[PDB]
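> this one is an experimental structure. Sequence first:
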Amino acid sequence: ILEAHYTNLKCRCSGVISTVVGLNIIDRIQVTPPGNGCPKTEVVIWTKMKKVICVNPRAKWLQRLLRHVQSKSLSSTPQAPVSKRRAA
């Protein structure tokens with residue numbers, strides 16, 4: 001005599017992946033914040049193939065993509081070409 005059981009649920013995406021998405025084949029990073037039916041902030045990937053997927057934000061490979069959007073550092077070498085013209 002089972003009745004209508006409430007269960008944990010989230011915002012249903014277009015689709016998800018079982019394969020690690022190519023860091024090179026990423027086009028843009030779209031964000032789904034909490035309140036959108038999502039208990040968790042989830043990252044929607046748009047690929048170069050125009051494949052629309054929602055992957056876990058704390059996926060171990062995606063960490064580099066989240067590090068790619070922010071600055072790491074900056075360095076530059078300003079130097080004049082030391083052209084030591086010397087026949088004698």
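Right, received. Where do you want to start? Residues are numbered from 1 along each chain as shown.
> OK, contacts around the residue nearest the centre of the chain?
By CA atoms, centre = their mean, the chain has its centre lying nearest to residue 65, at 3.9 Å. Listed by CB atoms under 8 Å, 6 or more residues apart in numbering, the contact set of residue 65 reads 23, 26, 29, 43. Where C-beta positions appear, they are placed from N, C-alpha and C, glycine not excepted.
> now, among those residues, which is nearest to residue 2?
Relative to residue 2, the closest of the contacts of residue 65 is residue 43; by CB to CB it sits at 36.3 Å.
> phi, psi for residue 69 please.
phi -70, psi -30 (degrees, to the nearest 10).
> by neighbour count, which of the contacts of residue 65 wins?
residue 43 (18 neighbours; other CB atoms under 10 Å).
> show me what contacts it?
Applying CB under 8 Å, 6+ apart, the residues near residue 43 are 29-32, 54-57, 62, 65-66.
> go again using 10 Å as the cut-off
29-32, 53-59, 62, 65-66 (CB atoms under 10 Å, 6 or more residues apart in numbering).
> just checking, it is part of a strand?
Yes. Assessed by DSSP: H, G, I helix; E, B strand; the rest coil, residue 43 belongs to a strand.
> so in terms of bridging, what pairs with it?
Beta-bridge partners for residue 43, by DSSP bridges, are residue 31, residue 55.
> what separates it from residue 51, distance-wise?
Distance of residue 43 to residue 51, given as CB to CB, to the nearest Å: 14 Å.
> try residue 80
49 Å.
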